[PDB]
Amino acid sequence: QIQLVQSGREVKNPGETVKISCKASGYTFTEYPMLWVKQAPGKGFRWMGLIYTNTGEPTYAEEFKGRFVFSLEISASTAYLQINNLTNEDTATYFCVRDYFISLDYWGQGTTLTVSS
Amino acid sequence: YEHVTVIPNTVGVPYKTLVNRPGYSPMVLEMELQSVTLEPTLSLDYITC
Amino acid sequence: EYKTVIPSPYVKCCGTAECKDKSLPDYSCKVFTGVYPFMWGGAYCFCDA
Amino acid sequence: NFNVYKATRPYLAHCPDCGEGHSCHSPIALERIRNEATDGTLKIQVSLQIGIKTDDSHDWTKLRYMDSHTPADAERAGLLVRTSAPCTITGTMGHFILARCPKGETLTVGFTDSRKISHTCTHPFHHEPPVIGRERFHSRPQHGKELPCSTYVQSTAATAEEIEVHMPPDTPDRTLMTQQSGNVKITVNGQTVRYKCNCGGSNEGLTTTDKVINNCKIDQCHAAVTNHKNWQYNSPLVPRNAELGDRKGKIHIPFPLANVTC
Amino acid sequence: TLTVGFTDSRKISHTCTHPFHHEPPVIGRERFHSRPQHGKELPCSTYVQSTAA
Amino acid sequence: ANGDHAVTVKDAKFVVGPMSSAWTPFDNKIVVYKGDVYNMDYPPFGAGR
Amino acid sequence: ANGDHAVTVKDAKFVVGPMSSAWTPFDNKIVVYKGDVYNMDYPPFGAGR
Amino acid sequence: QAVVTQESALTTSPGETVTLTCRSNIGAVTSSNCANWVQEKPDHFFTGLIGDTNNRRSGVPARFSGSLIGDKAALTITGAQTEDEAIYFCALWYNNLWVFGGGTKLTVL
Amino acid sequence: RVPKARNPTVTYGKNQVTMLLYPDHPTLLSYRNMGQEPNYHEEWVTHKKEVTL
Amino acid sequence: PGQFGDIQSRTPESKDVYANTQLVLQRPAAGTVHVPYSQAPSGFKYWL
Amino acid sequence: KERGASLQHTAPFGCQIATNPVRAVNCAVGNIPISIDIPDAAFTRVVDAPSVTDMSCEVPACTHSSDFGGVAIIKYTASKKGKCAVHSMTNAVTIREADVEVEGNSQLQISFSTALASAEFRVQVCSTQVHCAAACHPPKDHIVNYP
Ligand SMILES: *[C@@H]1O[C@H](CO)[C@@H](O)[C@H](O)[C@H]1NC(C)=O
């Protein structure tokens with residue numbers, strides 16, 4: 001059974017940084033890419049980019065070609081999402097999703113980020 | 001230990017010199033020249049078109 | 001008067017070619033390295049060297 | 001007879017000047033020019049075929065040329081040959097043309113397409129007919145004398161000069177590949193395709209239907225069309241199929257020489 | 001010489017002519033009449049097809 | 001190439017120069033145009049023809 | 001102050017120079033620091049003390 | 001900015017066939033857009049249903065299928081039951097980036 | 001872009017060189033000595049010719 | 001190489017031929033598939 | 001239209017010229033002195049170098065051309081294996097090789113160049129001297145492409 005495990009909730013202040021994890025289990029990690037999607041509170045989903053597990057080179061979307069940085073740990077079979085220089089507009093819910101051929105089959109449980117002054 | 005030699009200014013021909021120091025074995029060196037460049041100092045006066 | 005006969009070239013990528021001698025008049029052969037041809041649809045062969 | 005052209009096809013090649021001062025790949029391209037006659041007649045070889053249709057029948061009002069991956073038909077009335085002032089065409093068959101021309105320093109060919117577009121190609125050349133007798137003259141007179149010279153003959157019978165035809169090579173087309181989300185899709189469009197990608201080790205083979213490759217960019221992949229059913233002339237501008245050539249047949253060169261009086 | 005002209009909206013033609021002397025300059029140590037296939041490159045200048053300010 | 005420079009490669013010092021001749025191919029006035037140099041005595045500023 | 005310049009003021013042209021002497025107060029080597037100039041024979045590059 | 005338009009909700013009865021439609025505001029939907037359909041669990045979880053136009057996810061029963069009708073993408077579900085009262089979404093890919101839909105709610109009475 | 005000319009035929013004699021030229025369009029030929037005196041010369045060639053230096 | 005007698009044959013029916021023209025191959029240009037060369041022109045044509 | 005020939009085609013001594021920045025390259029006038037300093041760690045003591053006891057010389061061919069047109073054969077007896085230097089003691093003869101390897105009882109081969117009609121010179125190999133002599137023949141080609 002394929003399962004994706006994400007990190008828990010955390011509360012931040014402006015100017016800080018937050019790290020969100022996504023654990024992979026049940027399939028070979030290097031055979032398929034890892035995708036990320038963002039859902040703002042009260043809004044729909046937004047695409048941000050993906051990273052190739054075989055080479056480690058990431059691609060970013062136009063709206064997020066900024067403080068956002070992707071990373072990978074092959075030995076731990078875990079992908080990471082990093083957001084730096086947090087502001088009050090950065091509160092949202094995040095998910096990690098796999099790409100199998102042209103279909104987005106699976107989904108993560110989600111992580112909640114709350115930023116306030 | 002200092003050694004002085006003189007070589008002519010011709011490109012592409014090797015030369016040899018002998019170093020002889022009492023108490024030690026002789027040693028032979030080889031040298032070859034690859035480029036020489038000259039560059040003057042300039043100042044501008046005017047232009048035309 | 002005389003005539004010159006030129007057959008089509010042979011392009012081998014990711015390797016090395018060789019040719020043998022013949023007894024025809026004024027025979028010539030050579031091998032060049034570092035080629036990267038083009039056609040109307042794109043490059044010919046995958047290897048870039 | 002035209003039976004010798006039954007299973008052949010035209011081709012594309014390189015041209016050094018295409019009208020504006022830049023190089024291009026054109027359906028009409030130039031081979032060597034022969035000027036062995038003493039009357040000042042020229043013989044030209046090009047890359048298209050004149051007088052034969054696309055279903056292998058004879059019709060003197062048509063010509064066929066090579067479009068992208070398929071031949072098509074066009075009109076004969078658009079064929080022109082010019083060096084300095086315009087020239088005059090005396091006879092055509094297959095790859096070859098006869099013409100009479102003024103003096104000059106260049107040579108140009110051209111024609112019109114089936115969607116109303118023109119093509120040209122230009123090569124350098126030096127043209128100066130010889131002098132016969134002890135006077136230099138510009139046109140044929142009404143009162144004179146006869147001396148020998150030689151010319152070309154308007155006939156299409158079999159001769160002793162021959163050229164060969166071989167098996168065509170592969171054609172690399174980039175357009176077939178596309179880019180989607182984290183995957184590459186290869187389109188067949190009814191033709192056999194050979195592919196090779198370097199992502200994730202190696203993947204090689206042949207295909208006839210649509211196929212998808214996972215975890216790969218549009219780069220690091222190659223495609224080509226690799227099956228053919230026709231033969232083509234072995235120009236020094238087209239790469240060889242294999243280390244040893246495979247002959248399939250041969251065709252003859254018309255218009256031999258003769259003695260005349262001028 | 002040099003000549004320009006065009007056609008009217010009632011099928012009438014117009015022309016005008018001026019004297020001029022045309023002789024392009026020479027680049028390199030050889031005189032040639034067309035563009036070759038195998039050769040060398042040297043600096044030169046041209047006009048650009050742009051309609052910007 | 002003068003007595004005012006020293007370099008060290010593999011724990012050895014080298015000093016080159018000075019040269020034995022001061023000959024130069026340029027005059028006091030030169031004119032430059034896209035890779036060519038000429039010797040010319042141009043007219044003074046404000047005294048054209 | 002040399003013969004290669006001409007100026008015109010109120011329809012009159014003036015040409016001045018050249019000078020009769022080549023005396024200068026500077027030597028081949030000088031040193032500068034915040035508004036003072038010194039004459040000094042500084043050591044070669046790579047041969048400090 | 002391209003957006004996908006979806007209906008607010010649909011009401012049906014048990015045993016019937018439900019077909020949902022979506023369409024972008026910038027042009028027609030063709031085979032190259034690779035339309036995707038996913039379903040939102042009431043527990044605020046997400047699972048995919050239809051990917052690449054006409055490919056059904058493994059384990060999804062035979063009552064789910066999809067196709068393109070005219071200029072609109074369609075998802076058809078047969079044998080509707082009260083268990084199908086979930087949220088369905090439509091997603092489309094144009095050039096560099098994806099485009100997400102607004103979602104819809106299914107009611108079975 | 002500019003072209004290049006074809007190779008000549010060279011034969012040797014005692015303290016002299018003989019060359020045969022095959023021009024296709026007007027070309028320039030020049031030569032000079034190395035050392036103190038260069039002794040520069042220059043001429044244009046438009047037909048088949050033979051020279052001795 | 002470039003005068004009268006560069007190519008010789010004993011009779012119009014023979015198969016053996018003598019030839020003493022110069023033939024040197026040259027490097028291809030970048031991005032083009034072609035075969036350049038350099039060679040002395042015919043001596044029979046010049047003699048005419 | 002009337003500027004004429006530039007400096008690259010008229011300059012004496014065979015100089016070359018480039019213009020960005022303006023420079024002159026490879027003009028052949030004069031000579032250059034050089035000074036070099038060698039550390040003490042680079043030398044070998046005379047007790048550790050091998051010694052050579054018996055020497056002979058034989059020359060089978062000589063042609064006094066502008067290239068290296070000589071061959072010589074030398075016999076020796078060496079105390080133990082090692083390296084040695086070779087050097088000429090006359091100014092009219094040049095030798096190509098700089099170092100040789102010696103062991104046991106054997107022979108070595110060298111090549112040289114000279115312009116003398118009758119050859120007589122000495123060769124030094126690790127503090128010993130040998131005498132050679134020969135007669136030389138002239139060449140047959142008129143013009144070459146190197147100094
Ligand atoms: C006529 O042609 C024949 C062969 O076709 C040739 O042998 C003969 O020399 C020619 N006659 C003249 C006068 O050129």
# chains A, B, ... in the order shown; residues from 1 in each chain; ligands from 1
$ residues_around --residues "segment 135-139 of chain K" --least-positions-apart "6" --cutoff "9 Å" --atoms "only C-alpha atoms" --output "list in words"
residues 61, 62, 63, 64, 65, 116, 117, 118 and 119 of chain K
$ residues_around --residues "segment 24-26 of chain C" --least-positions-apart "6" --cutoff "8 Å" --atoms "only C-alpha atoms" --output "list in words"
residues 18, 19, 20, 21 and 23 of chain J
$ residues_near_ligand --ligand "ligand 1" --cutoff "7 Å" --atoms "only C-alpha atoms and all ligand atoms" --output "PyMOL selection string"
chain D and resi 148+258-259
$ write_last_selection --atoms "N, CA and C atoms" --output "compact mmCIF listing (two decimals), in the first residue's frame"
# COMPACT_ATOMS: atom_id res chain seq x y z
N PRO D 148 32.73 23.53 -89.85
CA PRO D 148 32.24 22.53 -88.90
C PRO D 148 32.27 23.02 -87.46
N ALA D 258 27.09 14.98 -81.55
CA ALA D 258 27.14 14.68 -82.97
C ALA D 258 27.91 15.77 -83.70
N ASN D 259 28.16 15.53 -84.99
CA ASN D 259 28.78 16.49 -85.89
C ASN D 259 27.70 17.20 -86.70
$ residues_around --residues "residue 5 of chain C" --least-positions-apart "6" --cutoff "12 Å" --atoms "only C-alpha atoms" --output "MDAnalysis selection string"
(chainID C and resid 24:28) or (chainID D and resid 32 163 234:236) or (chainID J and resid 35 37)
$ atom_distance --atom1 "atom CA of residue 207 of chain D" --atom2 "atom CA of residue 179 of chain D"
18.7 Å
$ atom_distance --atom1 "atom CA of residue 6 of chain F" --atom2 "atom CA of residue 41 of chain B"
23.7 Å
$ select_by_dssp --residues "chain I" --states "strand (DSSP E or B)" --output "VMD selection string"
chain I and resid 2 9 to 13 16 to 21 27 to 31 41 to 45 49 to 52
$ closest_atom_pairs --of "chain F" --to "chain K" --cutoff "7 Å" --atoms "only C-alpha atoms" --output "CSV"
residue,atom,partner,partner_atom,distance
F:12,CA,K:37,CA,5.6
F:13,CA,K:37,CA,5.4
F:14,CA,K:36,CA,5.0
F:15,CA,K:35,CA,5.3
F:16,CA,K:34,CA,5.0
F:17,CA,K:33,CA,5.6
F:18,CA,K:32,CA,6.8
F:19,CA,K:32,CA,5.4
F:20,CA,K:30,CA,5.5
F:21,CA,K:30,CA,5.8
F:35,CA,K:19,CA,5.3
F:36,CA,K:6,CA,6.2
F:37,CA,K:7,CA,6.1
F:38,CA,K:6,CA,5.8
$ residues_around --residues "segment 180-193 of chain D" --least-positions-apart "3" --cutoff "6 Å" --atoms "only C-alpha atoms" --output "number ranges by chain"
D: 176-177, 207-208, 210-216, 224-225
$ closest_residue --among "J:7, J:48, J:24, J:33" --to "residue 6 of chain I" --atoms "only C-alpha atoms"
J:24
$ residues_around --residues "residue 40 of chain D" --least-positions-apart "5" --cutoff "9 Å" --atoms "only C-alpha atoms" --output "PyMOL selection string"
chain D and resi 35+100-101+128-130+151
$ write_last_selection --atoms "N, CA and C atoms" --output "short mmCIF file (atom, residue, chain, number, x, y, z; two decimals), in the first residue's frame"
data_model
loop_
_atom_site.label_atom_id
_atom_site.label_comp_id
_atom_site.auth_asym_id
_atom_site.auth_seq_id
_atom_site.Cartn_x
_atom_site.Cartn_y
_atom_site.Cartn_z
N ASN D 35 29.47 21.86 -70.27
CA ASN D 35 29.59 22.79 -71.39
C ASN D 35 30.61 22.28 -72.40
N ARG D 100 19.77 27.79 -73.97
CA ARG D 100 20.66 28.72 -74.65
C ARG D 100 20.61 30.05 -73.91
N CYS D 101 21.77 30.67 -73.71
CA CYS D 101 21.89 31.73 -72.73
C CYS D 101 22.84 32.81 -73.24
N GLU D 128 31.47 31.93 -71.58
CA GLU D 128 32.06 32.61 -72.72
C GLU D 128 32.22 31.62 -73.87
N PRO D 129 31.31 31.65 -74.85
CA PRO D 129 31.39 30.67 -75.94
C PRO D 129 32.64 30.88 -76.77
N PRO D 130 33.14 29.84 -77.42
CA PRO D 130 34.37 29.96 -78.21
C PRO D 130 34.11 30.68 -79.53
N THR D 151 27.25 20.02 -81.61
CA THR D 151 26.08 20.41 -80.83
C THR D 151 25.55 19.22 -80.05
#
$ atom_distance --atom1 "atom CA of residue 46 of chain F" --atom2 "atom CA of residue 49 of chain B"
15.6 Å
$ select_by_dssp --residues "chain A" --states "helix (DSSP H, G or I)" --output "list in words"
residues 29, 30, 31, 62, 63, 64, 88, 89 and 90 of chain A
$ write_last_selection --atoms "C-alpha atoms" --output "tab-separated table (two decimals), in the first residue's frame"
chain	number	residue	atom	x	y	z
A	29	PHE	CA	11.29	6.50	-4.70
A	30	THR	CA	13.43	7.28	-7.76
A	31	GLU	CA	11.01	5.97	-10.41
A	62	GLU	CA	5.90	31.72	-12.43
A	63	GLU	CA	4.07	32.89	-9.29
A	64	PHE	CA	6.55	31.16	-6.94
A	88	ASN	CA	0.94	36.91	7.21
A	89	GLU	CA	-0.28	36.12	3.67
A	90	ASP	CA	1.59	32.78	3.69
$ residues_around --residues "residue 17 of chain C" --least-positions-apart "4" --cutoff "10 Å" --atoms "only C-alpha atoms" --output "count of residues only"
8
$ residues_around --residues "residue 43 of chain F" --least-positions-apart "3" --cutoff "12 Å" --atoms "only C-alpha atoms" --output "number ranges by chain"
B: 45-46; F: 29, 40, 46-49; G: 3-6
$ closest_atom_pairs --of "chain A" --to "chain H" --cutoff "10 Å" --atoms "only C-alpha atoms" --output "JSON lines"
{"residue": "A:43", "atom": "CA", "partner": "H:102", "partner_atom": "CA", "distance": 9.4}
{"residue": "A:44", "atom": "CA", "partner": "H:102", "partner_atom": "CA", "distance": 7.1}
{"residue": "A:45", "atom": "CA", "partner": "H:100", "partner_atom": "CA", "distance": 6.6}
{"residue": "A:46", "atom": "CA", "partner": "H:100", "partner_atom": "CA", "distance": 7.5}
{"residue": "A:47", "atom": "CA", "partner": "H:98", "partner_atom": "CA", "distance": 6.5}
{"residue": "A:48", "atom": "CA", "partner": "H:97", "partner_atom": "CA", "distance": 8.7}
{"residue": "A:49", "atom": "CA", "partner": "H:97", "partner_atom": "CA", "distance": 8.7}
{"residue": "A:61", "atom": "CA", "partner": "H:97", "partner_atom": "CA", "distance": 7.3}
{"residue": "A:62", "atom": "CA", "partner": "H:97", "partner_atom": "CA", "distance": 8.9}
{"residue": "A:100", "atom": "CA", "partner": "H:51", "partner_atom": "CA", "distance": 9.7}
{"residue": "A:101", "atom": "CA", "partner": "H:52", "partner_atom": "CA", "distance": 8.8}
{"residue": "A:102", "atom": "CA", "partner": "H:52", "partner_atom": "CA", "distance": 5.6}
{"residue": "A:103", "atom": "CA", "partner": "H:51", "partner_atom": "CA", "distance": 4.5}
{"residue": "A:104", "atom": "CA", "partner": "H:48", "partner_atom": "CA", "distance": 6.3}
{"residue": "A:105", "atom": "CA", "partner": "H:48", "partner_atom": "CA", "distance": 4.9}
{"residue": "A:106", "atom": "CA", "partner": "H:47", "partner_atom": "CA", "distance": 5.9}
{"residue": "A:107", "atom": "CA", "partner": "H:46", "partner_atom": "CA", "distance": 6.1}
{"residue": "A:108", "atom": "CA", "partner": "H:46", "partner_atom": "CA", "distance": 8.0}
{"residue": "A:109", "atom": "CA", "partner": "H:45", "partner_atom": "CA", "distance": 6.7}
{"residue": "A:110", "atom": "CA", "partner": "H:45", "partner_atom": "CA", "distance": 8.5}
